[PDB]
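What follows is one structure encoded as structure tokens, with my remarks underneath.
Cβ atoms come from the backbone with ideal geometry, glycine included; neighbour counts cover every protein chain shown. Each value in this text was obtained by applying a stated rule to the coordinates, not by laboratory testing.
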Amino acid sequence: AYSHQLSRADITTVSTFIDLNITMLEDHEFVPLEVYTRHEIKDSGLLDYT
Amino acid sequence: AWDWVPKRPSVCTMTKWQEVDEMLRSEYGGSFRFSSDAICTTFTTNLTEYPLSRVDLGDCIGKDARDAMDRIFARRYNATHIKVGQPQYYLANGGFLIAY
Amino acid sequence: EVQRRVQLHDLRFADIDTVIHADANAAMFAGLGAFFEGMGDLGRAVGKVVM
Amino acid sequence: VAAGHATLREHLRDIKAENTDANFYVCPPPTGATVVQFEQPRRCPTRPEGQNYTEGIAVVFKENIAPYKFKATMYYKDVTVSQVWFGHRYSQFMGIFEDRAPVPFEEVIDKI
């Protein structure tokens, strides 16, 4: 379902072929309960070659 | 099955792989490091020079090295640089011999 | 186009799995259960023996 | 004599037979808390357009967002409900209901 719009200026650009200043986190999945109660499939973004 | 033949004669222990026109050398962490734009590998070696004359009694490595360094020097460096001293030999990790 | 077709095939297999995992009696049992839960304790007292 | 060739084989073998290793990595899937965008191609001119061309040195500054990282703790309770009165062999036809709810402060301090 739809929610809202964003400007191209609202997201940081990984401009140069090398840059080290990114401040990432160790992401922790908050899995939905339906994955266990009714064997539903979890999203994983677009398909890479592997 | 196969046709039999006697064992063939011996050959030089090492073969020339690359002639590098420009190679930078630096000292770090008690070791030498070598690098060039021609090849993406970085060679690492101990600070002590290897005594090539103890093993290359046939001069099969030594003669070829001298000739190559002179060809390269005459082609590109003779008009803009000078030789600092005599050649040096080093055994790099992975089993390579470098003449510098 | 390749990834578009791969996602179309895994949708077809999911529809096949849905058909073989389920069975015709599920609709009947659901229809009966929906009737019995509508009259409380008496509904359960009859529904448990009917099932 | 072959003695020099033989010891050179030994030195070359020892230099490559040495131990070497690298670590393994566990890569947890990203949740979307940090996202980035990429650059795009530009309409390149066919011939020179501009006036007053000149050369120079430059330094580029960007706005300082000053990120602040810290540690936090979450608390919640998962709940599931199903009509088991139909019997374990038939209850699945009636389905399951489920929810996720917050934990009150009293339970966090007095029990957890």
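Things worth noting here:
- With Cα atoms, 0 to 90° folded angle of helix B:62-72 axis to chain B main axis: 40 degrees
- Each of B:46, C:31, C:20 was scored by the projection of its Cα onto the charge dipole of the protein assembly as shown, and the greatest displacement toward the positive side belongs to B:46; charges sit on the C-beta of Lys, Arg, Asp and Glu.
- When both bridge partners sit in the protein assembly as shown, DSSP labels roughly 90% of those beta bridges antiparallel.
- In chain B, the alpha-carbon atoms span a convex hull of 175 Å³ per residue.
- In degrees, nearest ten, helix C:2-21 long axis to first principal axis of chain C (Cα): 30 degrees
- Value at 222 nm in deg cm²/dmol, rounded to 500, when DSSP H runs of n ≥ 4 in chain D each add -39,500 (n - 2.57): -5500 deg cm²/dmol
- Pairs beyond 32 Å (Cα-Cα), from A:42/D:77; B:63/D:16; A:42/C:48: A:42/C:48
- Chain A and region B:50-83 have Cα centres separated by 57 Å.
- Shielding score for C:29-35, defined as the mean number of other chain Cβ atoms within 10 Å: 3
- For chain B, the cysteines with no partner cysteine C-beta closer than 4.7 Å are B:40.
- Region D:1-34 and region B:1-25: distance between their alpha carbon centers, rounded to Å: 23 Å
- Taking one quarter of the surface of the convex hull spanned by the alpha-carbon atoms of the protein assembly as shown gives a direction-averaged projected area of 41.9 nm².
- For residues of B:5-17, the mean tally of beta carbons on other chains within 10 Å: 1
- FRET efficiency, 1/(1 + (r/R0)^6) with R0 22 Å, evaluated for residue B:19 and residue D:18 via beta carbons: 0.20
- Cα-derived Rg to Rh of chain A, Kirkwood definition: 1.07
- Cut-off 14 Å between beta-carbons: net charge of the residues surrounding residue D:30, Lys and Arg +1, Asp and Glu -1: -4
- Highest average first, the peptides D:26-38, C:31-43, B:54-66, D:62-74 ordered by how many other beta carbon atoms sit within 10 Å of their residues are B:54-66, C:31-43, D:26-38, D:62-74.
- Across chain D, the convex hull enclosing all Cα atoms gives 653 Å³ per residue.
- Degrees, to the nearest 10: D:3-17 long Cα axis against longest axis of chain D: 30 degrees
- Directionally averaged projected area (convex hull, Cα atoms, region D:3-63), nm²: 14.3 nm²
- The residues packed around residue C:33, meaning those with a beta-carbon under 14 Å from its beta-carbon, carry a net charge of +2 if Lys and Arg are +1 and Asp and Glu are -1.
- 12 Å Cα-Cα reach of residue D:111 towards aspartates and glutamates, excluding residues that sit fewer than 8 places from it in its own chain: none
- Averaged over the residues of D:71-81, the number of partner chain Cβ atoms lying within 10 Å of the residue Cβ comes to 1.
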